[PDB]
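To start, the structure under review is shown below, and the notes come after it.
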Amino acid sequence: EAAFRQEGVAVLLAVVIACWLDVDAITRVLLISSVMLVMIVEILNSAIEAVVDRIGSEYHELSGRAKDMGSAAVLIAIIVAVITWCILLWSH
Amino acid sequence: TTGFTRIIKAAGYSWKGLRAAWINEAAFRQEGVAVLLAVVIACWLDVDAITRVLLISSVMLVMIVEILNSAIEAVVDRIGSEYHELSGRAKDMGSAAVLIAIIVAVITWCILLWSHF
Amino acid sequence: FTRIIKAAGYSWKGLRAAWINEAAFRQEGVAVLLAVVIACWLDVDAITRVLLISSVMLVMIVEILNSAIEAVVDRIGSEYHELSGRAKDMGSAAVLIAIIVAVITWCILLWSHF
(Lines give C-alpha, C1' and ligand atoms only; values in the text may rest on other atoms or scores of the structure.)
Protein backbone atom coordinates (compact mmCIF):
# COMPACT_ATOMS: atom_id res chain seq x y z
CA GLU A 1 0.00 0.00 0.00
CA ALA A 2 1.43 3.38 -1.03
CA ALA A 3 -0.63 5.46 1.40
CA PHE A 4 0.27 3.00 4.16
CA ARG A 5 3.85 3.78 3.23
CA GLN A 6 2.92 7.47 3.24
CA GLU A 7 1.47 7.20 6.72
CA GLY A 8 4.08 4.55 7.52
CA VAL A 9 6.69 7.19 6.77
CA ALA A 10 4.75 9.63 8.96
CA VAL A 11 4.70 7.18 11.89
CA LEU A 12 8.32 5.96 11.95
CA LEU A 13 9.72 9.46 11.52
CA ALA A 14 7.59 10.79 14.37
CA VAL A 15 8.83 7.89 16.50
CA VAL A 16 12.44 8.60 15.55
CA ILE A 17 11.79 12.34 15.95
CA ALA A 18 10.63 11.76 19.53
CA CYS A 19 13.86 9.82 20.17
CA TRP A 20 16.50 12.35 19.05
CA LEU A 21 14.83 14.98 21.20
CA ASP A 22 15.77 14.87 24.88
CA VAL A 23 12.45 14.69 26.70
CA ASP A 24 10.76 13.14 29.75
CA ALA A 25 10.45 9.38 29.35
CA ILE A 26 6.76 9.85 30.12
CA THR A 27 6.45 12.32 27.25
CA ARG A 28 8.44 10.08 24.91
CA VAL A 29 5.91 7.41 25.83
CA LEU A 30 3.00 9.74 25.08
CA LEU A 31 4.46 10.89 21.77
CA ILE A 32 5.22 7.37 20.58
CA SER A 33 2.05 5.83 22.02
CA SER A 34 0.01 8.59 20.36
CA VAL A 35 1.51 8.02 16.90
CA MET A 36 1.46 4.24 17.40
CA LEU A 37 -2.22 4.52 18.31
CA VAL A 38 -2.78 5.81 14.76
CA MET A 39 -0.82 2.86 13.37
CA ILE A 40 -3.01 0.30 15.13
CA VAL A 41 -6.25 1.80 13.75
CA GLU A 42 -5.09 2.12 10.14
CA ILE A 43 -4.31 -1.59 10.21
CA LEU A 44 -7.78 -2.27 11.61
CA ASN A 45 -9.19 -0.07 8.87
CA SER A 46 -7.11 -2.19 6.50
CA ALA A 47 -8.69 -5.15 8.28
CA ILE A 48 -12.21 -3.77 7.80
CA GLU A 49 -11.69 -2.88 4.15
CA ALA A 50 -10.53 -6.49 3.73
CA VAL A 51 -13.75 -8.04 5.08
CA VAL A 52 -16.06 -5.61 3.28
CA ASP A 53 -14.32 -6.67 0.06
CA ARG A 54 -14.98 -10.38 0.67
CA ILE A 55 -18.78 -10.13 0.31
CA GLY A 56 -20.82 -8.10 -2.14
CA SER A 57 -20.33 -6.74 -5.63
CA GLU A 58 -22.46 -3.59 -5.42
CA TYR A 59 -22.57 -0.41 -3.40
CA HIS A 60 -24.66 -0.19 -0.25
CA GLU A 61 -25.19 2.26 2.53
CA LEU A 62 -24.49 -0.70 4.75
CA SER A 63 -21.29 -1.45 2.89
CA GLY A 64 -19.84 2.00 2.29
CA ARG A 65 -20.75 3.35 5.71
CA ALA A 66 -18.34 0.80 7.13
CA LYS A 67 -15.45 1.99 4.96
CA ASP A 68 -16.32 5.62 5.51
CA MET A 69 -16.58 5.11 9.26
CA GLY A 70 -13.34 3.16 9.06
CA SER A 71 -11.76 6.09 7.24
CA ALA A 72 -13.33 8.29 9.90
CA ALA A 73 -11.74 6.37 12.79
CA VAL A 74 -8.28 6.80 11.29
CA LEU A 75 -8.86 10.55 11.04
CA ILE A 76 -9.66 10.98 14.73
CA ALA A 77 -6.56 9.10 15.89
CA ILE A 78 -4.40 11.40 13.77
CA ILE A 79 -6.11 14.42 15.32
CA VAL A 80 -5.26 12.98 18.73
CA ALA A 81 -1.70 12.51 17.50
CA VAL A 82 -1.66 16.12 16.29
CA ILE A 83 -3.37 17.43 19.45
CA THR A 84 -1.30 15.26 21.81
CA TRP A 85 1.90 16.41 20.13
CA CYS A 86 0.73 20.04 20.12
CA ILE A 87 -0.16 20.21 23.84
CA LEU A 88 2.97 18.26 24.77
CA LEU A 89 5.31 20.39 22.62
CA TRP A 90 3.63 23.62 23.73
CA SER A 91 5.33 23.39 27.15
CA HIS A 92 8.81 23.03 25.61
CA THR B 1 -0.08 17.91 -5.74
CA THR B 2 -1.42 14.58 -7.01
CA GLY B 3 0.11 13.09 -3.87
CA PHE B 4 -1.83 15.55 -1.73
CA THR B 5 -5.17 15.03 -3.51
CA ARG B 6 -5.36 11.52 -2.12
CA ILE B 7 -5.39 13.02 1.37
CA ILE B 8 -8.27 15.46 0.88
CA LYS B 9 -10.43 12.62 -0.50
CA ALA B 10 -9.84 10.61 2.68
CA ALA B 11 -11.03 13.66 4.60
CA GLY B 12 -14.21 13.62 2.53
CA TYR B 13 -14.71 9.91 3.15
CA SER B 14 -14.04 10.56 6.83
CA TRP B 15 -16.49 13.45 7.03
CA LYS B 16 -19.27 11.66 5.14
CA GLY B 17 -18.55 8.59 7.26
CA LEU B 18 -18.47 10.48 10.53
CA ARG B 19 -21.75 12.23 9.85
CA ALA B 20 -22.93 8.76 8.80
CA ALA B 21 -21.96 7.49 12.25
CA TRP B 22 -23.45 10.65 13.75
CA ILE B 23 -26.85 10.60 12.05
CA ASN B 24 -27.58 6.88 11.70
CA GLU B 25 -27.01 6.16 15.40
CA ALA B 26 -28.53 7.82 18.47
CA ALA B 27 -26.20 5.99 20.85
CA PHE B 28 -23.17 7.59 19.22
CA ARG B 29 -24.43 11.01 20.33
CA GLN B 30 -24.54 10.00 24.00
CA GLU B 31 -20.78 9.42 24.15
CA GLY B 32 -20.08 12.57 22.13
CA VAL B 33 -21.59 14.90 24.72
CA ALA B 34 -19.79 12.98 27.46
CA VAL B 35 -16.61 13.34 25.42
CA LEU B 36 -16.89 16.97 24.35
CA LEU B 37 -17.86 18.01 27.87
CA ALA B 38 -15.08 15.93 29.44
CA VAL B 39 -12.61 17.31 26.90
CA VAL B 40 -13.72 20.91 27.45
CA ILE B 41 -13.94 20.18 31.19
CA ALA B 42 -10.38 18.88 30.95
CA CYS B 43 -9.40 22.04 29.11
CA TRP B 44 -10.75 24.70 31.46
CA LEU B 45 -9.61 22.86 34.60
CA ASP B 46 -6.00 23.80 35.32
CA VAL B 47 -3.58 20.86 35.37
CA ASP B 48 -0.18 19.89 33.88
CA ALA B 49 -0.34 19.36 30.09
CA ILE B 50 0.61 15.68 30.35
CA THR B 51 -2.38 15.07 32.60
CA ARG B 52 -4.65 17.03 30.25
CA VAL B 53 -3.54 14.71 27.47
CA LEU B 54 -4.10 11.63 29.60
CA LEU B 55 -7.53 12.95 30.52
CA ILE B 56 -8.24 13.92 26.91
CA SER B 57 -6.55 10.88 25.35
CA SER B 58 -8.65 8.63 27.57
CA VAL B 59 -11.80 10.56 26.70
CA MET B 60 -10.97 10.96 23.03
CA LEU B 61 -10.01 7.26 22.82
CA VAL B 62 -13.40 6.05 24.06
CA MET B 63 -14.92 7.93 21.15
CA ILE B 64 -12.46 6.34 18.69
CA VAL B 65 -13.42 2.75 19.59
CA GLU B 66 -17.14 3.53 19.29
CA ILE B 67 -16.54 4.57 15.68
CA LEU B 68 -15.03 1.14 15.02
CA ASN B 69 -18.08 -0.45 16.64
CA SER B 70 -20.30 1.57 14.31
CA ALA B 71 -18.17 0.17 11.49
CA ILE B 72 -18.65 -3.39 12.73
CA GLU B 73 -22.40 -3.08 13.30
CA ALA B 74 -22.48 -1.74 9.75
CA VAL B 75 -20.76 -4.85 8.44
CA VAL B 76 -22.95 -7.22 10.47
CA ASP B 77 -25.97 -5.36 9.07
CA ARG B 78 -24.71 -6.14 5.56
CA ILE B 79 -24.66 -9.86 6.37
CA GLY B 80 -28.10 -9.38 7.90
CA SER B 81 -29.33 -9.00 4.31
CA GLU B 82 -27.34 -11.72 2.53
CA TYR B 83 -27.63 -14.28 5.33
CA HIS B 84 -30.74 -14.89 7.46
CA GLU B 85 -29.55 -15.98 10.92
CA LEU B 86 -27.17 -13.64 12.80
CA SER B 87 -24.99 -14.76 15.74
CA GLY B 88 -24.80 -11.32 17.31
CA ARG B 89 -21.49 -12.07 19.04
CA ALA B 90 -19.76 -9.47 16.89
CA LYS B 91 -22.18 -6.81 18.10
CA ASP B 92 -21.97 -8.23 21.62
CA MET B 93 -18.16 -8.19 21.69
CA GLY B 94 -18.12 -4.81 20.00
CA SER B 95 -20.28 -3.49 22.81
CA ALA B 96 -17.76 -5.04 25.23
CA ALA B 97 -14.82 -3.20 23.68
CA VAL B 98 -16.56 0.17 24.07
CA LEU B 99 -17.11 -0.44 27.79
CA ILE B 100 -13.43 -1.05 28.54
CA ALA B 101 -12.39 2.30 27.08
CA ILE B 102 -14.92 4.05 29.31
CA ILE B 103 -13.57 2.13 32.27
CA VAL B 104 -10.10 3.33 31.31
CA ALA B 105 -11.39 6.88 30.90
CA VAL B 106 -13.15 6.76 34.27
CA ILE B 107 -10.16 5.08 35.89
CA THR B 108 -7.77 7.44 34.11
CA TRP B 109 -9.85 10.38 35.33
CA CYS B 110 -10.34 8.85 38.76
CA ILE B 111 -6.65 8.20 39.37
CA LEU B 112 -5.65 11.50 37.76
CA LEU B 113 -8.03 13.79 39.69
CA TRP B 114 -7.33 11.89 42.92
CA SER B 115 -3.61 12.54 42.57
CA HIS B 116 -4.00 16.25 41.91
CA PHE B 117 -7.02 16.75 44.16
CA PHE C 1 -31.23 4.15 32.58
CA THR C 2 -32.63 1.13 30.76
CA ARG C 3 -32.21 2.16 27.10
CA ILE C 4 -28.39 1.82 27.17
CA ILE C 5 -28.08 -0.73 30.02
CA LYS C 6 -28.99 -3.68 27.78
CA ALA C 7 -25.59 -3.11 26.18
CA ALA C 8 -23.93 -3.71 29.55
CA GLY C 9 -25.63 -7.11 29.54
CA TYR C 10 -24.55 -7.35 25.91
CA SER C 11 -20.99 -6.59 27.04
CA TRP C 12 -21.01 -9.34 29.68
CA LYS C 13 -22.64 -11.96 27.45
CA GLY C 14 -20.23 -10.86 24.73
CA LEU C 15 -17.27 -10.93 27.11
CA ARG C 16 -18.15 -14.24 28.77
CA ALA C 17 -18.34 -15.40 25.17
CA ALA C 18 -14.90 -13.91 24.51
CA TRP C 19 -13.47 -15.40 27.70
CA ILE C 20 -14.90 -18.89 27.23
CA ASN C 21 -15.24 -19.35 23.45
CA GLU C 22 -11.61 -18.37 22.87
CA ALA C 23 -8.82 -20.06 24.83
CA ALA C 24 -5.90 -18.01 23.47
CA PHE C 25 -7.44 -14.74 24.66
CA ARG C 26 -6.62 -15.76 28.25
CA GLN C 27 -2.83 -15.75 27.82
CA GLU C 28 -2.75 -11.99 27.25
CA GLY C 29 -5.77 -11.72 29.54
CA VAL C 30 -3.89 -13.26 32.44
CA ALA C 31 -0.91 -11.07 31.47
CA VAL C 32 -2.81 -7.76 31.56
CA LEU C 33 -4.36 -8.18 35.00
CA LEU C 34 -0.95 -9.18 36.33
CA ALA C 35 0.66 -6.20 34.58
CA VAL C 36 -2.03 -3.96 36.08
CA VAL C 37 -1.58 -5.34 39.61
CA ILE C 38 2.19 -5.09 39.23
CA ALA C 39 1.79 -1.47 38.12
CA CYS C 40 -0.38 -0.92 41.18
CA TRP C 41 2.02 -2.60 43.61
CA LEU C 42 4.91 -0.48 42.38
CA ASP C 43 5.01 2.84 44.19
CA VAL C 44 5.06 5.23 41.23
CA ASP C 45 3.97 8.57 39.84
CA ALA C 46 0.19 8.50 39.30
CA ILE C 47 0.79 9.58 35.71
CA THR C 48 3.08 6.63 35.13
CA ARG C 49 0.64 4.16 36.69
CA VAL C 50 -1.91 5.52 34.23
CA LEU C 51 0.63 5.14 31.43
CA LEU C 52 1.55 1.61 32.46
CA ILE C 53 -2.11 0.66 32.68
CA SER C 54 -3.29 2.76 29.70
CA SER C 55 -0.61 1.02 27.65
CA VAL C 56 -1.58 -2.46 28.87
CA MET C 57 -5.31 -1.79 28.58
CA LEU C 58 -4.83 -0.53 25.02
CA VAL C 59 -3.70 -4.04 24.09
CA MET C 60 -6.79 -5.43 25.77
CA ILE C 61 -9.31 -3.18 24.02
CA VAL C 62 -7.86 -3.93 20.58
CA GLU C 63 -7.64 -7.69 21.13
CA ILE C 64 -11.37 -7.91 21.82
CA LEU C 65 -11.85 -6.21 18.45
CA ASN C 66 -9.80 -8.98 16.87
CA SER C 67 -12.20 -11.42 18.48
CA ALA C 68 -14.96 -9.32 16.92
CA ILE C 69 -13.32 -9.48 13.49
CA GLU C 70 -12.54 -13.20 13.80
CA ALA C 71 -16.25 -13.70 14.55
CA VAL C 72 -17.42 -12.02 11.34
CA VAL C 73 -15.03 -14.03 9.19
CA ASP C 74 -16.39 -17.22 10.79
CA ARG C 75 -20.02 -16.66 9.70
CA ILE C 76 -18.81 -16.00 6.17
CA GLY C 77 -15.86 -18.35 5.80
CA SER C 78 -18.09 -21.11 7.12
CA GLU C 79 -18.24 -23.07 3.87
CA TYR C 80 -16.56 -20.64 1.48
CA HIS C 81 -12.92 -20.25 0.40
CA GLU C 82 -11.57 -16.81 1.14
CA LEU C 83 -8.76 -15.09 -0.75
CA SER C 84 -9.16 -12.35 1.83
CA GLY C 85 -7.80 -14.41 4.73
CA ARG C 86 -5.63 -11.39 5.52
CA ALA C 87 -8.32 -9.64 7.60
CA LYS C 88 -7.62 -11.99 10.52
CA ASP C 89 -3.92 -11.45 9.87
CA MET C 90 -4.24 -7.67 9.93
CA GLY C 91 -6.17 -8.07 13.17
CA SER C 92 -3.32 -10.08 14.67
CA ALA C 93 -0.92 -7.38 13.44
CA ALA C 94 -2.61 -4.59 15.38
CA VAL C 95 -2.40 -6.56 18.64
CA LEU C 96 1.32 -7.16 18.14
CA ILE C 97 1.87 -3.41 17.86
CA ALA C 98 -0.05 -2.80 21.06
CA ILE C 99 2.11 -5.31 22.94
CA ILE C 100 5.23 -3.77 21.42
CA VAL C 101 4.01 -0.39 22.63
CA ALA C 102 3.34 -1.94 26.03
CA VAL C 103 6.83 -3.41 26.17
CA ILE C 104 8.43 -0.17 24.97
CA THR C 105 6.23 1.82 27.33
CA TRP C 106 7.15 -0.43 30.26
CA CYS C 107 10.74 -0.52 29.08
CA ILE C 108 11.05 3.26 28.77
CA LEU C 109 8.86 4.00 31.83
CA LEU C 110 10.61 1.62 34.21
CA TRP C 111 13.99 2.82 32.93
CA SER C 112 13.08 6.34 34.09
CA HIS C 113 11.93 5.36 37.58
CA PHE C 114 15.06 3.24 38.14
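Ordered as shown in the C-alpha coordinates, chains take letters A, B, and onward, while each chain numbers its residues from 1 and ligands are numbered from 1 in the order shown.
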Check every residue of chain C for an atom within 8 Å of chain A, counting only C-alpha atoms, and provide those that qualify as a list in words. residues 48, 51, 55, 73, 82, 83, 84, 86, 87, 88, 90, 91, 93, 94, 95, 97, 98, 101, 105, 108, 109 and 112 of chain C
When the cut-off is 10 Å and we count only C-alpha atoms, which residues of chain A are near chain B, given as JSON, numbers by chain? {"A": [3, 6, 26, 27, 30, 34, 37, 41, 44, 45, 48, 51, 52, 55, 56, 60, 61, 62, 63, 64, 65, 66, 67, 68, 69, 70, 71, 72, 73, 74, 75, 76, 77, 79, 80, 81, 83, 84, 85, 87, 88, 89, 90, 91]}
I'd like the contact shell of residue 100 of chain B - 12 Å cut-off, only C-alpha atoms, skipping same-chain residues fewer than 3 positions apart - returned as a ChimeraX atom specification. /B:58-59,61-63,65-66,93-97,103-108 /C:8,11-12,15,54,56-65
With distances taken over only C-alpha atoms, the candidate from C:50, C:1, C:16, C:30 nearest chain B is C:50
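If you look at atom CA of residue 40 of chain C and atom CA of residue 110 of chain B, they are 14.2 Å away from each other.
You can rank B:90, B:113, B:35, B:47 by their closest distance to chain C using only C-alpha atoms, and at the top of that list sits B:90.
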